[PDB]
């Protein structure tokens, strides 16, 4: 078929599976959330907590699906239909190495639901406690072993793909051991080889040698807020792509529809980026496409705390908070606008 509706498997949407309900999880997990103290605001702050009641959730927006559980199979079905509407073929699943049966169950449910709609799943490896290249290897082995034969497990030209958040926290000399073909604990040429996509944060003077010396296959930028880092400043993307091409690296810029996290970080207002009825998203997605990249990542499907979500949101005013909403646009606007951009990306490939 040539309908302009098919999934794109070089489009990765960052997905969070940490939401709970009292009924399913024992707690409205993540809808309830601690409020972060101001890191520049002195001692003895008692910032408090958002209780995750119907009226007061840990987001500046309000989900169309309500305070949902990430383990609810019926929610997962709806999310996969949303991925189909957005044409986003890869669900890039946040992975915190919880080592608990509830995590394992949820990952299986997500893979199962994804496969029903031909969506693929890859893992976004977060900075879990004591993360290092040895336990990372062990975890990559575990994930490929447990999930690699699941029909929804993502591969690109035969290789799994992992995004590594905060990869800069680990020295290139450690990364080399895992990611150079000669490394002491290499994954190259093994059953556990993968495309490893590191998080490019700061200036080229720092990031170029890091990426090369660490033997990453590519890099992404994550932040939905333009200008938050060098990497998340879209006017740098043409030059970042030129360098990537010259050095055999895969650049996967991250685009998002906006940013606001002031319910959980009231002091962080400088990072707010207004949605302007979709115009912010359009501008950022256009820059990614114009850079001539082979793959794009979307921050985010459902990081509700950071207000970067494309998942449908609805107007809501409670006694406790007046939520933001998609304003003049309908709740599914960011899904259908993502589909539009996936089309213009495919037209460019």
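Residue numbers count along the first chain shown, from 1.
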>> On mean Cα temperature factor in this entry, is 48-56 or 305-313 the higher one?
In response: 48-56
> Which wins on mean Cα temperature factor, 199-207 or 172-180?
Replying inline: 199-207
> Between 137, 273, 118, 124, where does the Cα B-factor run highest in the record?
Replying inline: 118
>> So if I compare the CA B-factors in the entry for 105, 188, 131, 79, which one is the largest?
In response: 105
> What third of its chain, lowest, middle or highest, does the C-alpha temperature factor of residue 283 fall into?
Replying inline: middle
> Lowest, middle or highest third: where is residue 88 by Cα B-factor in its chain?
Replying inline: middle
> When the modelled residues of the chain are sorted by Cα temperature factor, does residue 64 land in the lowest, middle or highest third?
Replying inline: lowest
> So where's residue 339 on the chain's Cα temperature factor ranking, which third?
Replying inline: middle
> Lowest, middle or highest third: where is residue 299 by C-alpha B factor in its chain?
Replying inline: lowest
